[PDB]
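Residue numbers (the entry's author numbering), protein chains in the order written: chain C, 1 to 298; chain A, 1 to 271, 273 to 298; chain D, 178 to 432; chain B, 177 to 432. Just so you know, even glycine gets a beta-carbon here, dropped at the ideal spot from N, CA and C.
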Amino acid sequence: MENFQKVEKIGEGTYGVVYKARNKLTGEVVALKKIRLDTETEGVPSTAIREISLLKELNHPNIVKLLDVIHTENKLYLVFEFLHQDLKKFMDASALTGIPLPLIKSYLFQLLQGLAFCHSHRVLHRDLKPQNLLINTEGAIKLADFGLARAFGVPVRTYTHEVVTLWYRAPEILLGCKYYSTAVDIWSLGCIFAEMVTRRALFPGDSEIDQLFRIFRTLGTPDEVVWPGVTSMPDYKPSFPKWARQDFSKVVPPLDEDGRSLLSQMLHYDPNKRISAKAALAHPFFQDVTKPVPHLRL
Amino acid sequence: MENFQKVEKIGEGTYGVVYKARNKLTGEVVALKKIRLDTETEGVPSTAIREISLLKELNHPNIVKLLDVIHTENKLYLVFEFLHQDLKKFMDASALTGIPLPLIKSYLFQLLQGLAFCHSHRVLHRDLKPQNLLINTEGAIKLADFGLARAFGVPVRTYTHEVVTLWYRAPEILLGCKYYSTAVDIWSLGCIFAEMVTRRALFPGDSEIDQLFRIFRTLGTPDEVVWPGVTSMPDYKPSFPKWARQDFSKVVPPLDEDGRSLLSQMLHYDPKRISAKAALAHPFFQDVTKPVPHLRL
Amino acid sequence: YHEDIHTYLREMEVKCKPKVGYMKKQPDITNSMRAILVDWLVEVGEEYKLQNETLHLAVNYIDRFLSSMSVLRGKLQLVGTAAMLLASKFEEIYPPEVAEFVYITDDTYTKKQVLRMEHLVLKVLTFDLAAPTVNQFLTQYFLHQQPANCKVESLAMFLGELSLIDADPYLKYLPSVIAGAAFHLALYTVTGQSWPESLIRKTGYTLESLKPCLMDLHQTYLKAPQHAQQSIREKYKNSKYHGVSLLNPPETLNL
Amino acid sequence: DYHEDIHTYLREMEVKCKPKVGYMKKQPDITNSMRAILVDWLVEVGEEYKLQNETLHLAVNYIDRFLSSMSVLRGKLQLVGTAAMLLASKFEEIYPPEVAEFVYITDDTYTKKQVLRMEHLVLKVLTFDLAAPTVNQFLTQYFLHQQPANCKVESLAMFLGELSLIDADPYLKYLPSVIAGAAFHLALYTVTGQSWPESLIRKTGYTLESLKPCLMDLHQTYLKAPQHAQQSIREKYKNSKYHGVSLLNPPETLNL
Ligand SMILES: CN1CCN(c2cccc3nc(-c4n[nH]c5cc(-c6ccc(N)cc6)ccc45)[nH]c23)CC1
Ligand SMILES: CN1CCN(c2cccc3nc(-c4n[nH]c5cc(-c6ccc(N)cc6)ccc45)[nH]c23)CC1
């Protein structure tokens, strides 16, 4: 840790802080995630263990690179490539006239390439939200925060705690499915996609039931025809009101015919039929994809 | 270094000390070579650089294993497998009895296997002497101290300075040759072999000229027929006395006909000197066993 | 992506290999001692209701650690404890706290020792914890059951778990191959059927290619009641595993 | 006896010491041109301090491997090279220049502490694996198959091999053994009109066919040498120690 100059604090977390730093010998600008080690009670946190072990298998231009792990006495530092801000702040900054559609298409294309790589390497992210997505001045966007990510060579058990902030959580999870699938990542990305287009969260639920019902009101209450098995799922109630699916032309006005088609496939109710990241990359929506550079307010 | 318990100092050096140590988590007994880093003046010593980089290419049962390198702030530690003593002290302990011949044969056989491996990996040891050779209770012997060792994918240039204590130094070096060859390691091993057999240094010279002359008195003063080129070598003088080669039966009395033949090929003047690999195929080793030594610990 | 994942698991299992002959190069410990350790880890898993995957990961970590580190017999259990702790953190939704792992060792080791060993194992394994296992390959194979049979799945898992106990001969087989033999042998024992054509196409393994591993596995299965280590048999006579460890093995495979 | 085993071992180790061929693309602030300037400057420093040619080759190997896994800013590229030359001198030289000398040649752009810290960093990044095979070592090995020896051929082979160090494109994608083989043939052809000998074909297993792609590039580098922006090697090899071989005119064609 001797060759690093701390530049500024750029992030606060549960197990520790993230600093912008500079390698004094090479000049490389870096993000340092500091983890304080309670050496009486816990040892190395599960989040660090998963994020280090899975991330070092994931070398891809749309996944934030782990450059080094400096593991010592009573501190663990993760050294990452430095990016310039997260998508949430960029969305907020772009409120008085949106992210241009060519940049939205670029970002979704890159995010699906990052995800496809994850999934091909049996890694579930499980926490895709705009503040875990990092952007740079040259027009790149990358997946970050793999603390909740998991290997699925064996199917990953859902919990009753902890994760995917409610707004990006998939219906199967809300309805209490036993195992995660790669469909949950695709769902979250669909919500993020819509949120870029409309400048608002697609499903800003105040609670689990409220989250579910906002989805039902926009996409329609699912039945055994649309989603074989729904009615047998743990947290499904026959009391659920039956709403009608509304036009995507009114849910996402600015999107063209192709855009609506992709989004509907990403928000398909049945996880088995929800579009894969790979299949989404082959969608005609991306046939004219470019890589614009944004104007970040740094 | 937090997982290592220092047991005792077992060795003192130029760049640092060697400790016997214990891994507190695994129980592994190790040798730790500590190198203090003067971080104003010099940085990592050339000895450590060569020793580390060459030794980690050399995994062989007759070459001491480098287990780890703990490189930090202002200290460099080399972690080695632990052996029980050096050949010099074992020789001293065996003065009133000699090392039995089967153990001598075993030790030479293993040293040649270690050396052959070094040479096949383009590494010259350059400092084979009894105190750099480590033994254990199970009857193993291994090459140690690669501080002076050198890679020779490009020929290694001779020094004015620093080298092979005088007694194990080869004639070409004494006569000022320009490049080392693998023959210099074989020469040293010949001297160590004879010393084990006779219980005395073969050529205990007080000086460079005295070292040469002791070799000449035993092996004969070399001429152009024995060693094509001798007379043109930098430190050759025509004024050198001309001694006759004496019988090996009187230089190494306890050796049989095969032992004498091997030693004479290892002490050949022209660096025609037997290779380690060729020495391993010598009929001297056609009944080699692996006896255990009486280490007086 | 289930094809992509099998393909990727096949790639990674060749890289996570420990040294097959490491125990010979190991001065103080033996296969028997390893057998005792692994059997104990099975008990710990039952005591703390840990996933089967956690057990398999922990054993993979132990073999790789012991492939490059000499350990004295009195420290072998500390390696296993740290390995099980790390495997739980990687695989469990909520792992047992460190104090729990200190207590199953009957206070033979301290909290500090266990936490220091955790650090050392992470260093030695270079944080490469997401290793492929027999368990993961079995799980992928189970999706080619026409139709599913829980008694076959349980017996396949039982046989696969038995392979963890004996370094000789199972260290010299890939998890994908052990999994293939366990699946066939369980399938053959319960339903009389053989390694299906769908899995032949998926894995590229024929029944011929599985034969060497199959003959070892069959021999382990026949001798299971006589093995000195019994925690796996005891575990698999439970209702959750349909008492499959009390099933009689086939006298012949007719290969 | 052992020069077969050593050649074999060098062939094994050169496949392992490979840097990433495309590392310069993944590098944000520095370019091939900047690398060219650095290596050319290292040639001067070697002449200034009378360092072995092997030291130069090792240093460049260390730089390419370091830059294969580390991002460096243009203002620190020279610090990497200095530390690399320092380490190569320690490995190869009988007595290397003291650290203060290496601080000297940089015109006090860097401090003693910086150079010593970069030395530690490069040792860590390379994991103390400093005994890399080089074009120099393979040339030396091939020179033993000269019937009979010719110092003009040896000097020209060494000149061409040293020119290969300057241009990452295209020479990063060839093994040292292959570049050596092409340099030997090209020098041999230029001086004596002979070709890659059958003894070396048996030893190396390389045919004149297999060397052709590298030969093609090396011949083109040789033709353009007088126009290259970097000139330190041409200057070095017009000395009498090298029989003024950098003045020998290259053939216009190779007749393959
Ligand atoms: C909520 N936001 C996030 C963005 N923050 C931020 C602001 C300004 C500049 C920033 N640079 C980063 C950053 N660069 N590289 C990173 C890698 C991880 C990482 C950490 C863990 C894993 N597993 C992977 C990548 C997290 C954050 C960063 N984050 C920045 C502001 C606060
Ligand atoms: C002068 N002697 C030497 C033997 N000393 C000694 C006595 C008793 C037990 C000893 N154990 C060692 C030892 N084990 N492993 C070693 C490795 C190196 C090493 C160091 C450097 C390299 N390059 C390779 C191996 C040096 C010494 C040792 N040396 C011992 C007593 C004093």
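Near ligand 2: residue i beta-carbon under 6 Å from a heavy atom
{"i": "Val-18 (chain A)", "result": "yes"}
{"i": "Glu-411 (chain B)", "result": "no"}
{"i": "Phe-267 (chain B)", "result": "no"}
{"i": "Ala-144 (chain A)", "result": "yes"}
{"i": "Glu-51 (chain A)", "result": "yes"}
{"i": "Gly-11 (chain A)", "result": "yes"}
{"i": "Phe-304 (chain B)", "result": "no"}
{"i": "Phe-80 (chain A)", "result": "yes"}
{"i": "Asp-86 (chain A)", "result": "yes"}
{"i": "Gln-131 (chain A)", "result": "yes"}
Residue i CB to nearest heavy atom of ligand 1 below 6 Å
{"i": "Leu-83 (chain C)", "result": "yes"}
{"i": "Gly-114 (chain C)", "result": "no"}
{"i": "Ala-405 (chain D)", "result": "no"}
{"i": "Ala-31 (chain C)", "result": "yes"}
{"i": "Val-7 (chain C)", "result": "no"}
{"i": "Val-64 (chain C)", "result": "yes"}
Chain-ordered neighbours of residue i on chain C, where CB pairs are closer than 9 Å
{"i": "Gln-290 (chain D)", "result": "Within 9 Å Cβ-Cβ: nothing; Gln-290 (chain D) doesn't reach chain C, min ~11 Å."}
Per-residue contacts from residue i into chain A (C-beta, under 8 Å)
{"i": "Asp-305 (chain B)", "result": "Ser-53 and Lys-56"}
7 Å Cβ cutoff, residue i in contact with chain A
{"i": "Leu-186 (chain B)", "result": "yes"}
{"i": "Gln-313 (chain B)", "result": "yes"}
{"i": "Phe-267 (chain B)", "result": "yes"}
{"i": "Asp-177 (chain B)", "result": "yes"}
{"i": "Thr-316 (chain B)", "result": "yes"}
Under 9 Å from the C-beta of residue i: neighbouring residues of chain A
{"i": "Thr-207 (chain B)", "result": "In chain order: nothing, as chain A lies at least about 30 Å away."}
CB contact check: residue i to chain C, cutoff 7 Å
{"i": "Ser-244 (chain B)", "result": "no"}
{"i": "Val-275 (chain D)", "result": "yes"}
{"i": "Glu-220 (chain D)", "result": "no"}
{"i": "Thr-380 (chain D)", "result": "no"}
Cβ of residue i within 7 Å of any chain B Cβ
{"i": "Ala-151 (chain A)", "result": "yes"}
{"i": "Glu-28 (chain C)", "result": "yes"}
{"i": "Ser-261 (chain A)", "result": "no"}
{"i": "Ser-276 (chain A)", "result": "yes"}
Under 7 Å by beta carbon: chain B residues contacting residue i
{"i": "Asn-3 (chain C)", "result": "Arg-293 and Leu-297"}
Partners in chain B for residue i, counting only beta-carbon separations shorter than 8 Å
{"i": "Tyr-19 (chain A)", "result": "Here the premise fails: no neighbours, minimum Cβ distance about 21 Å."}
Contacts that residue i makes with chain A (C-beta to C-beta distance below 7 Å)
{"i": "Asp-181 (chain B)", "result": "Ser-120"}
{"i": "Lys-192 (chain B)", "result": "Those within 7 Å of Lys-192 (chain B) in chain A number zero; the least Cβ separation is about 10 Å."}
{"i": "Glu-223 (chain B)", "result": "Simply none; closest approach about 18 Å."}
Neighbour flag for residue i against chain D, beta carbons, 7 Å
{"i": "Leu-124 (chain A)", "result": "no"}
{"i": "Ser-188 (chain C)", "result": "no"}
{"i": "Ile-49 (chain C)", "result": "yes"}
{"i": "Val-154 (chain C)", "result": "yes"}
Under 8 Å from the C-beta of residue i: neighbouring residues of chain D
{"i": "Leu-25 (chain A)", "result": "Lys-252, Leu-255, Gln-290, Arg-293, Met-294 and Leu-297"}
{"i": "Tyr-159 (chain C)", "result": "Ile-270"}
Partners in chain C for residue i, counting only beta-carbon separations shorter than 8 Å
{"i": "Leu-249 (chain B)", "result": "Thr-26, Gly-27 and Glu-28"}
Interface residues of chain D facing residue i [CB-CB closer than 7 Å]
{"i": "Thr-41 (chain C)", "result": "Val-275"}
Ligand 3 heavy atom lying under 6 Å from the CB of residue i
{"i": "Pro-222 (chain C)", "result": "Ligand 3 is not part of the structure shown, which contains ligand 1 and ligand 2 as its ligands."}
Proximal chain D residues relative to residue i, where beta-carbon distance stays under 9 Å
{"i": "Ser-46 (chain C)", "result": "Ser-265, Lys-266, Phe-267, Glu-269, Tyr-271 and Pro-272"}
Task: Completely contained alpha helix (DSSP H) runs for the stretch 336-421 of chain B, where each covers 4 or more residues - done: 344-347, 352-368, 374-380, 384-400 and 408-413
TODO: Write down every uninterrupted run of the beta strand (DSSP E) in the stretch 236-262 of chain A whose length is 3 residues or greater and which is fully enclosed by it, in chain order.
DONE: none
Task: Length at least 3, wholly inside the stretch 79-160 of chain A: the beta strand (DSSP E) runs in chain order - done: 133-135 and 141-143
Task: alpha helix (DSSP H) runs contained entirely in the stretch 28-77 of chain A, provided each spans 4 or more residues - done: 46-55
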